[PDB]
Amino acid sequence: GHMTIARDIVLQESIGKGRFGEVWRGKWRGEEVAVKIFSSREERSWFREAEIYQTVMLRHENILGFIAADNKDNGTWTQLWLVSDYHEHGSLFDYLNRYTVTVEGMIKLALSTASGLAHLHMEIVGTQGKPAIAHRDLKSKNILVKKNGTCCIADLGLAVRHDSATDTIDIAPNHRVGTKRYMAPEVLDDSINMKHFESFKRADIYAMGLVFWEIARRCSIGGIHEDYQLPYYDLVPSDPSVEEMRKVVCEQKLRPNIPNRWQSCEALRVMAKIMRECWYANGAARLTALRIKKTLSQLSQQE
């Protein structure tokens, strides 16, 4: 038996929870793995996340490495498991709360996030290809930081996949599925055309712009940085409702504040411009993830 299976994994430490499912650090044949455990009544959530992670050609350095979906019967109840690579730093939210980053550090985190999102969004046509995938719940709590200071995207259970041969989405999408704070203006006001797959890619870009703002605040230059905050910390309460968000984002047209200090550093000027070009109310005007990856690659090369 060479493949990783649940019976061979020993849970060691509780490390957190997702929307559904609890995440643990475990050991499989001497190596650390992350295990997301679901109950029997959460089978639909577990299966859908397993289905997205098993998508052909999905693997990428900036997408969480999937190992297996399996079941584990303890003799009383059955647990449904998703097993993946383990990343000791945890989420970008945990990482940015604990640490400040260098200019190099910021660019590495942003470029890797854009590279993972560009791979998710990328379609390779044909049966032996890859369908384009939109995340629908991108946020700093769903992006993990690897040992090398680069990111990988996780929590793919709310994703939607596009079949170009039929121009259809693999599921009948429900409105407003993700984290309210990161919902795009068109999702908040329900103007999004959910029959057009590009709509979901564009909504992910708005959320990525919010995550870039979170990283940039933590970029320390000459010992100067901002404290950790979630986007809209200055305008909405914790656990904001759709109505609270829509009033700020759609009606008042506010976005997270871009400090004047970011114009004094080239890397921060480039990041700020990307944010503004992710935050347009018109999803069609936003940058693509591939374009952001190209801009940040040019910046990482120049540094």
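In case it trips you up, residue 1 is the first one in the sequence shown, and so on.
For the segment pair 132-140 and 214-222, the entry gives 214-222 the higher mean B-factor, averaged over Cα atoms. Higher average CA B factor: 287-295, of the stretches 5-13 and 287-295. Within the group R261, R255, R59, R44, the record's highest C-alpha temperature factor is found at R261. Remark: of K72, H196, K180, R161, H196 shows the highest value [criterion: C-alpha B-factor in the PDB entry].
The PDB entry assigns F20 a C-alpha temperature factor belonging to the highest third of its chain's modelled residues. The deposited CA B-factor of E104 belongs to the highest third of values across its chain. In the deposited entry, the Cα temperature factor of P173 places it in the highest third of its chain's modelled residues. In the deposited entry, the Cα temperature factor of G90 sits in the middle third of values across the chain's modelled residues.
Ranked within its chain, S191 lands in the highest third, by CA B factor from the PDB record.
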